[PDB]
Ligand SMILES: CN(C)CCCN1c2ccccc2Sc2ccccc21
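First, one chain by itself in structure tokens, the form solved without this ligand.
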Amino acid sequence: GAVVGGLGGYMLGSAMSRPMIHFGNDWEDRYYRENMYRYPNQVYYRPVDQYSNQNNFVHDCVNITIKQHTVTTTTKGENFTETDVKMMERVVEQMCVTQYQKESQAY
């Protein structure tokens, strides 16, 4: 598999359509849609059998996916804002949940 932070065995899911989150105000809705191209559309995860519940699978998926996305991109001069991170957390968690239920059907 892929190696993230010196640990192998990570899986990289197939490209995913980023959902269209409504935050409750026009400004953040517009900021997200205009900036989502800079956020992941595939998530790093580990096989479901390495976890005992959905929350822990998703917590790892969100944590690792955003960490590696920051590493690879923040080399290009990218600078994620405090608010970029919040929106990444919301979109990646949604994609990680979709990945989980998708892996779970095989088990």
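Think of the rigid core as the biggest set of C-alphas that the two forms share within 1.5 Å after superposition. Start at 1 with the first residue shown and count on from there. Shifts are known only where both forms have a C-alpha.
One more form of this protein exists, namely the form solved in complex with this ligand; it is left out here, but the text below deals with it.
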### Task
Label the site open or blocked after overlaying this ligand from its pose in the deposited complex onto the shown form by the C-alphas around the site (blocked when 3+ ligand atoms sit within 2.4 Å of backbone or C-beta).
blocked
### Query
Among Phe57, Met95 and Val97, does every residue place a heavy atom within 4.5 Å of this ligand in the deposited complex?
no
#### Entry: in the deposited complex, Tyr32 touching this ligand (heavy atom, 4.5 Å)
no
### Message
Using a 4.5 angstroms cut-off on non-hydrogen atoms, would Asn41 count as touching this ligand in the deposited complex?
### Response
no
### Message
Is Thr72 near this ligand? Define near as a heavy atom within 4.5 Å, in the deposited complex.
### Response
yes
### Task
Examine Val62 and determine whether its closest non-hydrogen atom to this ligand in the deposited complex is within 4.5 angstroms.
no
### Query
Considering only 5 to 26, what residues come within 4.5 Å of this ligand in the deposited complex, judged by heavy atoms?
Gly6, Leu7, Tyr10
### Message
Does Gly6 move appreciably between this form and the one not shown, meaning a CA displacement of 2 Å or more on the superposed rigid core?
### Response
yes
### Task
Spell out which consecutive segments of 3+ residues have Cα shifts of at least 2 angstroms at every position between this form and the one not shown, with the rigid core used for superposition.
1 to 7
